[PDB]
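The structure under discussion appears below in the form of structure tokens.
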Amino acid sequence: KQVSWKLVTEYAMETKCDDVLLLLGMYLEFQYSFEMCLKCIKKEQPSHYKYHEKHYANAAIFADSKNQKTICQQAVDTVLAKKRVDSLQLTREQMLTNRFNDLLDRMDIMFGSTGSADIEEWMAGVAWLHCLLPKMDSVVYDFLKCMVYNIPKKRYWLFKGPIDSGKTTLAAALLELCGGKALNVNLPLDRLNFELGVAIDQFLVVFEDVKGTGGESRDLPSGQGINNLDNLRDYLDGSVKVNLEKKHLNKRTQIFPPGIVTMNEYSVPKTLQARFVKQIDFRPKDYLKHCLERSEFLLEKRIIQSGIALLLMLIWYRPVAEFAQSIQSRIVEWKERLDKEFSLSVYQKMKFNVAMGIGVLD
Amino acid sequence: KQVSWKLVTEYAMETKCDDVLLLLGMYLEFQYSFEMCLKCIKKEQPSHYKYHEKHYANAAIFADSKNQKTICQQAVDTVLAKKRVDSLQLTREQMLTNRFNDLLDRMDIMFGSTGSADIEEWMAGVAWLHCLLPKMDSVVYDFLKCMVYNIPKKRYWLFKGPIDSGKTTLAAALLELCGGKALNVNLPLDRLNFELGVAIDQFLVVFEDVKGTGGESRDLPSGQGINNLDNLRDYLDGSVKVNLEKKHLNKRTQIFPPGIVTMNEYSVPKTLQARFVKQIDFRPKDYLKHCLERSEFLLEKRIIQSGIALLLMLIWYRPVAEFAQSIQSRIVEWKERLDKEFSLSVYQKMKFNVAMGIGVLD
Amino acid sequence: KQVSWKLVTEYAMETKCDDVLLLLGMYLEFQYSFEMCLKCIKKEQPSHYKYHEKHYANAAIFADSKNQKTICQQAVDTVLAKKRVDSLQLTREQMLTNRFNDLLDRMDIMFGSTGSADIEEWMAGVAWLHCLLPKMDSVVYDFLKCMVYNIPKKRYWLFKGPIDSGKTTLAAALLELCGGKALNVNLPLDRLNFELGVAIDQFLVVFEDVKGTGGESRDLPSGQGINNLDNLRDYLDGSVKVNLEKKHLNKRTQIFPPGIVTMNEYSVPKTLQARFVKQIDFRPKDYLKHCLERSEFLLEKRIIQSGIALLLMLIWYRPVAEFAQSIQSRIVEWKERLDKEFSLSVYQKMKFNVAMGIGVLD
Amino acid sequence: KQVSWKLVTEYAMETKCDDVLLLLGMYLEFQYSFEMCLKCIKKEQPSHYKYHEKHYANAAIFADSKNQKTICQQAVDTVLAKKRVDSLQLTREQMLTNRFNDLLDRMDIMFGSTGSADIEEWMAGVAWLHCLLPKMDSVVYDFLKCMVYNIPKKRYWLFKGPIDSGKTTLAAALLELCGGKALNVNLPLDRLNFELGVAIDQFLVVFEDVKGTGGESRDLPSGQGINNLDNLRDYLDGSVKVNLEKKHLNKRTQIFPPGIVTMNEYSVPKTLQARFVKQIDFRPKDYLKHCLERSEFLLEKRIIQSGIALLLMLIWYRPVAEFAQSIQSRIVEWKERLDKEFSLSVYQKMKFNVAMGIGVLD
Amino acid sequence: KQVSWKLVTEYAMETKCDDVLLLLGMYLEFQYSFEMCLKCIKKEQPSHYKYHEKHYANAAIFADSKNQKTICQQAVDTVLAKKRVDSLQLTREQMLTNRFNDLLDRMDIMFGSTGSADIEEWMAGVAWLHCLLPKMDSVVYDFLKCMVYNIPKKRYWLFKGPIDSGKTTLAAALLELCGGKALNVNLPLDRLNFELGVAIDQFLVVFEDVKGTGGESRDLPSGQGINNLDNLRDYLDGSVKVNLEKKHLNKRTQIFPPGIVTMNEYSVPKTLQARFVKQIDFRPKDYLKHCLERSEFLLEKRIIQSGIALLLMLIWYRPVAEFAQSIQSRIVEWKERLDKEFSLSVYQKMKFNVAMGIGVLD
DNA sequence: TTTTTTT
Ligand SMILES: Nc1ncnc2c1ncn2[C@@H]1O[C@H](COP(=O)(O)OP(=O)(O)O)[C@@H](O)[C@H]1O
Ligand SMILES: Nc1ncnc2c1ncn2[C@@H]1O[C@H](COP(=O)(O)OP(=O)(O)O)[C@@H](O)[C@H]1O
Ligand SMILES: Nc1ncnc2c1ncn2[C@@H]1O[C@H](COP(=O)(O)OP(=O)(O)O)[C@@H](O)[C@H]1O
Ligand SMILES: Nc1ncnc2c1ncn2[C@@H]1O[C@H](COP(=O)(O)OP(=O)(O)O)[C@@H](O)[C@H]1O
Ligand SMILES: Nc1ncnc2c1ncn2[C@@H]1O[C@H](COP(=O)(O)OP(=O)(O)O)[C@@H](O)[C@H]1O
């Protein structure tokens, strides 16, 4: 009998696998007998136990084959081909809707019967995130719409505040909610060349902790990031296509993606201040610090950094009609799921605990 | 049965794909039944629904095949071969006539029944651009004439002026009309060679926002760009061929393209001013600035940066005889469309609105 | 029924193609029917209409083939193989005699019944070049002997003088007459390897617009050229075989070509001054500018740079006996055309016009 | 009806080709019929008229074949394989004996009645060059003896002296008398990897114009060469096998060959100074230059640089027993044949003409 | 029939052949008949006449084969693979056994029937070193066993003395008895990290001429070398694995090799003094200089500075039963050779005349 | 792999 190359390519497509060694290893685990597989019976990894039943007959023949890495390469090139087709043909609203579909799939497993996580612990995360800024759910929705519409010169937001105020916490959650990357522009103009190359085909970027110079009475390290941003003005404005470089690969011409700049209270040049739409001032708050000392599980599970928490915030607060037409069905299912388990009185009691600096789940 | 490699090569020539991954992704999705195909029913992308019914039989057999990327690589070689043949054998008037034909195909789709845009928005763009410089249609035409003749020494145009003065708006629109690339020569010398390699076979080059030295006299940043340009003087003149390189590929010998330099008001060494045949001064105009803020659809849809707008300007103002004899019959059809859907009073009112800082549609 | 690889090899040999993409593109055009081809009926490019009828049957079999680039790579290597054989086996007099035959073939097509060139406009170029230096045909003939005899350490010529004085003009014309490559040595030492590799198997090199270190008090830019070139002294002499390099290919060992160095009034080290035979000083001549300004057809058609203009000068002034024995019989045919289509007096009027700063033709 | 790969390998062994494009070009010329072959009738090159009649039948079938470059690779590999066998298994005296046999075969054909050269002008070469130094012919013998012994850590020679002093013409003459390759180590140390790779299985290495640090006040610019050699100490000592590299081929483990360094008057670090066995320093002379001005055939025909001129000198001054025993019978034929024409009285007269600066002839 | 690839691999294994083109070249020699072979009758090399009778049948088929280099590549990979199995097991004793095997075989040649120098020069040098330092025949055997055991903290020996005392000249011979490299730790601390990386995967390290501070009190130059070395605590002691990096490579983790420090007479901080297991003081002796001056061939043949002189000393004095139980048989022959080629009394005569300051062969 | 990256 012969290997079906078509069944391998299907598995790669449905697993969304970019990687020749990961695919090869995953697929070789299907050769052992289905009826007695310990990895199925512990139900431990979803990308195994959902597929082993189908692929056993092909995996047995594949284990005898001589072509193995050649079969996996064609499968991986098919998955890479779809990504490139999508990048050039989807509108930004569809890219975001696909990303929410990926997140909702992970939530269904994570809060399912074999799930590890309590939904009570993640709703405590929504209560703590809501106290970080005024009107958080509007701020998150304004951010999403701004990244979708991508209007020239209305592309970037500035996060400003003392050390330990929440800047990296909120930024990391937005990066997970709509996939993106972090950049470090504090380097010399020499090395920036490959640093800016991380943004190739990304939806969103964050410039993390850019350092100015001067203001030394404030007790701040000096660096050159603000000078660099002032020379990188064209990338922030975004009217024109710029050349971007990865190590060993040819230059690509792109409209550089929108993003977030985080900084301490360094002085902005009047030039740079004008490229931003909004600045959000973060300030330290004593009640939130006392709360985290008495609700450690938020930090230790990394709940407050995670985009699943921001999505649960959006699901609770925003009306169904703001979401795109195809995802609305999953959302009304998830709303009814949540309203059945959290009474509004319990959620207001969670928020009242956070405002008092007491532990959330008393 | 066996795959027809000839039909794949035919598809690549009709859609003009250079990317092997993009061609592979496109061709695979034809494998599903044409009678049901959702993107054909939705009329989503012209690169798909115009072809699916023809290629369906071959795409099913291609999905079974074991040398898919060898098939796609040969098809991409075939499209590259036509580009190099056309580059050595066509006169620059024919190269430009072919670029106008591509744009007019986009305009037929874009302003047809399937398309999203409409003419009164984009024609207000042509009214806005005409207020930027005196006699804009003569300046655009005289530029096109210069680039087609490509006379040595008498070859490059210099745009200078304060920030927010429309240099990059015009330069990006001229770039989109002719086709070409933007280069950032502000770099260190040891990596300029790969930057200049982006010019290979292009029709235009635009050297964007080159920094000088001595800017503190004006409160301007400092950078090497103007000194690098003084070392590249051989590339600007175009008297003799230069050697250009892409990463991992052997050097190619050709005459460097003509084009545009944009800069802030640095002092220019007189040996470089001797090499620029025309200098166009841009200055702040407050009425243009007020008009954009009240007419922001001009930015949100990128109407003012786009070469389709400049071609509509040429169609409105130029007499039919100045286009090459091949494309004239297609242009009189467009003059008829525009003179049907508009009147002089409508366009005279749009320019009247701009000149008073009123909204262009008021 | 199978492709004959020998027919493609003949076509490549008769056409002299060095790159695989160009050979592939040319040959794929032959698959369409000979009885209707528009490119044959217009007689537009001579590489097509002379060969299509012979190759058509094979081209349709080539278009079905699974192996196309492999076929073309063998054919291109066969053309490169002949050029390597001749570079070891021929004397330099025969190399130049062959290059003159190639030029005289182009002159038959340019000035034939089926081409655009006007012999009066090209003989107007001879008048302008004959004014640039005194005794111009003596200079051209002494240059040619220097390149043919290739006497060690007496091989290079130096051109000095202001910007806009005819030095790059005459260098480009000599470079087309002999054939060769133009090289840039103003970049730093560490990437010169692949630049000097452009000189492999060539007859001439021209080092364009070399920059010195000093002279800044004259308002002349500083750079690395003369420092680099003083390290390269071993390449200039041609007493010893050097090692030359291209990407992915092994070291070639050969004597480096003779050539021309061009520069703008920098001072030169005594070690470099010892390795040039003759220095030519160019000083601006006002009447040549006012002539050229009224004679813009010279620049558009590039006549004053073209090697054909110096070959026409040699046919006008030199005796017949001092061309090689096989090419004399074609030169005497060209002597007769020029004495039929011009008198002396029409040529003497043109040369008087150039002295007067009037347009060359009147 | 198959191509004989055996016959191609025999042609490469008899011609001793070591480049694939050259062998391909040479073998393809044999496909045309033997009878009418214009090159065989004129007898232009021995590598053609010796072999065509034998190889014709195989070359016609080679011209139909489609593996052509793989056939030539296996033939060139066979020739490179034999040189490595010789390089290990021959006695080092016999390698020099073999190289003289190659020269003595080549010297006989060029002084044949069919040859272009003549005895008196090449003996003027012997006269001029023996005048260049004190006791020249015994200095050449001392060099040959030193290289033949190759006593570890007692190999290399220095030369030192200024421009136009004579060092490089002597080094070039020795290089052709032996087998050898010139190297340029003035480039930065990390690039030298493939430069040193040329010495693989060579007899002599010569380092030409190696530059020190400082001394620039004499108009002798600096470079990395001497610091490189002090790093490359392990290769001069060569008491152990070094590892030498070339592109896409398995690397060679070998002792680096004996050789010569030529320099201008730089300082030498004591660590490097200790490696060189002998230091034959140079001084300029004036009547020799007066003679060359009047005797231009010497440089035109490259008489003074060639190893044939030193071999004519060693034939002149050396006793016949000092050579190897196989060539002893050839050397008496050249001793006699040379004396039979060129008597000592006329030799002394023209040697006086050099000494007096007259110009050598009569 | 077909080629046996295993017969080729047997020849490569038994010849211990490391290199593809060398294997190809030697195996092709077996094409011709065994009975007639001229090399077999002369017996010039063992690698031919031992095998030709056996391998002739295969070599007749190998000559017709169309993929000869692939056969040889597999054979060489088989010999190279066996060296990496042996790397698994090498105890540091067995490293020194085979390091000696490589050096005796070069002694067998150089002093042999086909030799190049006579032991009467070498033995007077061995007698000279046997009076440079007290009891030195015991020192070298003790030194080597410290290196073989590589006991932590017991690793390093300090050679101290004023200039011209014998330090560098003995360090050369010990480094050539072992294998290793020298390091120059006088560099500023920034550059030391790359210098130390040269020790990657080696048996021995030698540190040369560490500059102190305060040595100007005796006109000694001063520098950081001692202060750098005092800070390399973990590299000297050898209890823990340390990181090493070459330029352009990733960091390697290993125990740092043992070694020798040679020092120009400065003071040593008592921290650094605790790192060295034994200190050797070298002192000027004028009778050693008079001896050298009256025996200058000792230096000019470089008798003193070789691992050959130290191995020859280990042969003379030490007993046989302490050499490894395999290699000890090869010292039987060099003992009996020396005991008969040289006189037990003549040694004492030349040590006497050395100590007398008389010429060592007088 | 070589080149590019690294230095
Ligand atoms: N608004 C706040 N008030 C008090 N503590 C905070 C606040 N936001 C965050 N923290 C504390 O600071 C830690 C780090 O927050 P992060 O956002 O990573 O720092 P930064 O604001 O400097 O980027 C959190 O884990 C939490 O313990
Ligand atoms: N005459 C003008 N006066 C003031 N602003 C202008 C004028 N023309 C264009 N603009 C502004 O130019 C902006 C485009 O950027 P641009 O000025 O071209 O950048 P740069 O000057 O760096 O090339 C537009 O967003 C618009 O607001
Ligand atoms: N006699 C002259 N006076 C002024 N300009 C001249 C003269 N001769 C040639 N030129 C100019 O030389 C230009 C070409 O450059 P050229 O002077 O040959 O080299 P470079 O600019 O490097 O010195 C032509 O476009 C032409 O305008
Ligand atoms: N005595 C001499 N007479 C004439 N020319 C000489 C003499 N010595 C050297 N040369 C010139 O220098 C070249 C090589 O000698 P060398 O002293 O090495 O010069 P360079 O230092 O320029 O290489 C010769 O080929 C020749 O052109
Ligand atoms: N103990 C000694 N007494 C006198 N001269 C010596 C002594 N040791 C070496 N020499 C001489 O000193 C020269 C330099 O030796 P070297 O090892 O460079 O000195 P150092 O001990 O400073 O390293 C030797 O070549 C030798 O001629």
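Labels for the structure tokens follow display order: chains A, B, ..., residues from 1 in each chain, ligands from 1.
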
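Fitted onto chain D by least squares over the complete set of C-alpha atoms, chain B shows an RMSD of 1.2 Å.
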
Write down, as a ChimeraX atom specification, each residue of chain F that has any atom within 9 Å of an atom of chain E, counting only C-alpha atoms (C1' of nucleotides). /F:5-7

Keeping only C-alpha atoms (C1' of nucleotides), write the selected residues as an mmCIF file, in the first residue's frame.
data_model
loop_
_atom_site.group_PDB
_atom_site.id
_atom_site.type_symbol
_atom_site.label_atom_id
_atom_site.label_comp_id
_atom_site.auth_asym_id
_atom_site.auth_seq_id
_atom_site.Cartn_x
_atom_site.Cartn_y
_atom_site.Cartn_z
ATOM 1 C "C1'" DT F 5 26.163 38.361 9.723
ATOM 2 C "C1'" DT F 6 29.354 39.570 12.775
ATOM 3 C "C1'" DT F 7 33.218 42.560 14.701
#

Could you please extract the residues within 9 Å of ligand 5, counting only C-alpha atoms (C1' of nucleotides) and all ligand atoms, and hand them back as a ChimeraX atom specification? /E:132-133,160-172,209,262-264,282-290,292-293,299,304

Strand (DSSP E) residues, from DSSP on the backbone, in segment 108-346 of chain A, as a VMD selection string: chain A and resid 156 to 160 180 to 183 204 to 207 242 to 244 252 to 254 259 to 263 276 to 281

Dump C-alpha atoms for the selected residues as a tab-separated table (two decimals), in the first residue's frame?
chain	number	residue	atom	x	y	z
A	156	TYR	CA	-0.41	54.98	17.64
A	157	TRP	CA	-1.23	55.27	21.36
A	158	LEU	CA	1.09	56.40	24.18
A	159	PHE	CA	1.15	54.71	27.61
A	160	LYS	CA	2.82	56.91	30.21
A	180	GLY	CA	1.54	41.09	17.41
A	181	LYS	CA	5.15	41.56	18.53
A	182	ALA	CA	7.26	43.68	20.91
A	183	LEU	CA	10.20	45.89	19.78
A	204	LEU	CA	0.18	45.03	15.66
A	205	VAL	CA	3.45	46.09	17.34
A	206	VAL	CA	4.46	47.47	20.76
A	207	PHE	CA	7.54	49.63	21.35
A	242	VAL	CA	8.87	50.95	3.82
A	243	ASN	CA	11.60	48.34	3.30
A	244	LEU	CA	11.94	45.75	6.11
A	252	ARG	CA	10.09	43.38	1.75
A	253	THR	CA	8.02	46.53	1.14
A	254	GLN	CA	5.12	47.10	3.57
A	259	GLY	CA	1.01	50.01	17.71
A	260	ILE	CA	1.63	51.20	21.28
A	261	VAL	CA	4.54	53.13	22.84
A	262	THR	CA	5.23	52.63	26.58
A	263	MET	CA	7.46	55.04	28.54
A	276	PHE	CA	-0.20	59.91	18.72
A	277	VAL	CA	-3.99	59.84	18.96
A	278	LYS	CA	-4.33	59.36	22.73
A	279	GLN	CA	-2.08	59.20	25.73
A	280	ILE	CA	-3.30	57.15	28.66
A	281	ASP	CA	-1.86	58.16	32.01

Just the residues within 8 Å of residue 62 of chain B, please, counting only C-alpha atoms (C1' of nucleotides), with nothing from its chain fewer than 5 positions along; format it as a list in words.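 So the residues in contact are residues 3, 28 and 68 of chain B.
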
Store the residues picked out above, limited to N, CA and C atoms, as a short mmCIF file (atom, residue, chain, number, x, y, z; two decimals), in the first residue's frame.
data_model
loop_
_atom_site.label_atom_id
_atom_site.label_comp_id
_atom_site.auth_asym_id
_atom_site.auth_seq_id
_atom_site.Cartn_x
_atom_site.Cartn_y
_atom_site.Cartn_z
N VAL B 3 -1.02 15.51 -14.46
CA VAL B 3 -1.19 16.96 -14.37
C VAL B 3 -0.72 17.63 -15.65
N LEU B 28 -4.40 25.72 -5.28
CA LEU B 28 -4.98 24.65 -4.49
C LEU B 28 -6.48 24.83 -4.24
N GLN B 68 4.55 19.13 -6.41
CA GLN B 68 3.79 20.37 -6.57
C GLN B 68 4.67 21.61 -6.66
#

Write out as a list in words which residues come within 9 Å of residue 215 of chain B when counting only C-alpha atoms (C1' of nucleotides), dropping same-chain ones fewer than 5 positions away.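 Close residues of residue 215 of chain B: residues 220, 221, 222, 265, 266 and 267 of chain B.
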
Set the distance at 12 Å and use only C-alpha atoms (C1' of nucleotides): which residues neighbour segment 7-15 of chain C once local chain neighbours fewer than 5 positions away are removed? I'd like the list as a PyMOL selection string. (chain C and resi 2+20+22-28+30+46-48+50-52+54-59+61-62+68-83+102) or (chain D and resi 28+63-66)

Just the helix (DSSP H, G or I) stuff from segment 68-236 of chain C, please, per backbone DSSP, written as a PyMOL selection string. chain C and resi 68-89+92-110+119-132+136-149+167-178+189-199+216-218+225-231+233-236

Print the selection's residues with C-alpha atoms to a file, as a compact mmCIF listing (two decimals), in the first residue's frame.
# COMPACT_ATOMS: atom_id res chain seq x y z
CA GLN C 68 12.78 23.67 -19.18
CA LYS C 69 15.40 25.40 -17.00
CA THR C 70 17.73 22.38 -17.16
CA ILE C 71 17.69 22.62 -20.97
CA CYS C 72 18.48 26.35 -20.86
CA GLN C 73 21.25 26.05 -18.26
CA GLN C 74 23.22 23.63 -20.45
CA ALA C 75 22.81 25.97 -23.44
CA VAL C 76 23.96 29.07 -21.54
CA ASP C 77 26.98 27.18 -20.21
CA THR C 78 27.86 26.31 -23.82
CA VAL C 79 28.01 30.03 -24.67
CA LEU C 80 30.13 30.77 -21.58
CA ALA C 81 32.39 27.85 -22.50
CA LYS C 82 33.23 29.35 -25.89
CA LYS C 83 34.01 32.74 -24.36
CA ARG C 84 36.45 31.05 -21.95
CA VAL C 85 38.15 29.12 -24.79
CA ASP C 86 38.67 32.29 -26.85
CA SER C 87 40.01 34.17 -23.80
CA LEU C 88 42.92 31.72 -23.55
CA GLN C 89 43.53 30.96 -27.23
CA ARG C 92 44.28 40.50 -28.42
CA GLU C 93 44.32 41.74 -32.02
CA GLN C 94 41.75 39.08 -32.94
CA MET C 95 39.66 39.92 -29.86
CA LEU C 96 39.45 43.52 -31.05
CA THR C 97 38.84 42.47 -34.67
CA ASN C 98 35.90 40.35 -33.48
CA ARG C 99 34.49 43.24 -31.40
CA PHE C 100 34.73 45.54 -34.44
CA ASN C 101 32.79 42.99 -36.52
CA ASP C 102 30.01 43.01 -33.88
CA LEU C 103 29.78 46.80 -34.06
CA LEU C 104 29.73 46.84 -37.87
CA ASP C 105 26.85 44.34 -37.82
CA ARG C 106 24.84 46.78 -35.67
CA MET C 107 25.73 49.62 -38.06
CA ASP C 108 24.22 47.63 -40.96
CA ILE C 109 20.90 47.43 -39.09
CA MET C 110 20.89 50.98 -37.69
CA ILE C 119 23.70 59.07 -40.60
CA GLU C 120 23.83 62.88 -40.55
CA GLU C 121 22.89 63.00 -36.85
CA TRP C 122 25.59 60.42 -36.07
CA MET C 123 28.24 62.25 -38.12
CA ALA C 124 27.24 65.37 -36.18
CA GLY C 125 28.49 63.44 -33.14
CA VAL C 126 31.86 62.88 -34.82
CA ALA C 127 32.19 66.65 -35.28
CA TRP C 128 31.52 67.35 -31.59
CA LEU C 129 33.87 64.62 -30.33
CA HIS C 130 36.61 65.78 -32.69
CA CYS C 131 36.50 69.16 -30.90
CA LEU C 132 36.75 67.81 -27.34
CA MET C 136 41.18 63.26 -31.46
CA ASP C 137 41.76 60.38 -33.88
CA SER C 138 45.42 60.22 -32.82
CA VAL C 139 44.34 59.83 -29.18
CA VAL C 140 41.83 57.08 -30.02
CA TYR C 141 44.39 55.14 -32.08
CA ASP C 142 47.09 55.38 -29.38
CA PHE C 143 44.59 54.13 -26.79
CA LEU C 144 43.71 51.09 -28.93
CA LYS C 145 47.38 50.14 -29.35
CA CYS C 146 47.94 50.43 -25.61
CA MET C 147 45.11 47.96 -24.95
CA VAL C 148 46.29 45.52 -27.66
CA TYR C 149 49.99 45.43 -26.69
CA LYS C 167 35.77 62.78 -19.22
CA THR C 168 32.90 60.40 -18.38
CA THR C 169 31.59 61.00 -21.91
CA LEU C 170 34.77 59.83 -23.64
CA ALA C 171 35.35 57.01 -21.14
CA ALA C 172 31.91 55.54 -21.93
CA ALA C 173 32.56 55.77 -25.68
CA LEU C 174 35.94 54.02 -25.41
CA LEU C 175 34.34 51.38 -23.16
CA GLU C 176 31.71 50.49 -25.78
CA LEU C 177 34.30 50.50 -28.57
CA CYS C 178 36.47 47.91 -26.78
CA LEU C 189 37.91 47.54 1.32
CA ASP C 190 35.90 44.78 2.98
CA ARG C 191 33.41 44.24 0.11
CA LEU C 192 35.67 44.99 -2.88
CA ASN C 193 36.05 41.23 -3.55
CA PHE C 194 32.80 40.88 -5.51
CA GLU C 195 33.24 44.21 -7.29
CA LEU C 196 36.66 43.33 -8.69
CA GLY C 197 35.15 39.98 -9.70
CA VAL C 198 33.16 41.87 -12.34
CA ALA C 199 36.41 42.20 -14.34
CA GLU C 216 38.36 69.97 0.99
CA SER C 217 39.51 73.60 0.83
CA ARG C 218 38.54 73.45 -2.87
CA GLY C 225 39.01 55.81 -3.41
CA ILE C 226 42.68 56.82 -3.60
CA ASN C 227 43.50 55.00 -0.35
CA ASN C 228 41.87 51.86 -1.75
CA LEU C 229 43.53 52.15 -5.15
CA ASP C 230 46.97 52.51 -3.57
CA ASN C 231 46.38 49.17 -1.84
CA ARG C 233 48.74 48.57 -6.92
CA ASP C 234 49.39 44.86 -7.60
CA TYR C 235 46.27 44.62 -9.81
CA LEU C 236 47.21 47.58 -12.00

Report, in Å with one decimal, the straight-line distance from atom CA of residue 42 of chain D to atom CA of residue 202 of chain C. 27.3 Å

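In this comparison, which uses only C-alpha atoms, the residue of B:43, B:330, B:318, B:154 approaching chain C most closely is B:154.
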
Exercise: residue 361 of chain B partners within 10 Å, only C-alpha atoms (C1' of nucleotides), chain neighbours under 5 positions left out, as a PyMOL selection string: chain B and resi 120-121+124+294-295+346+349-350+353-354
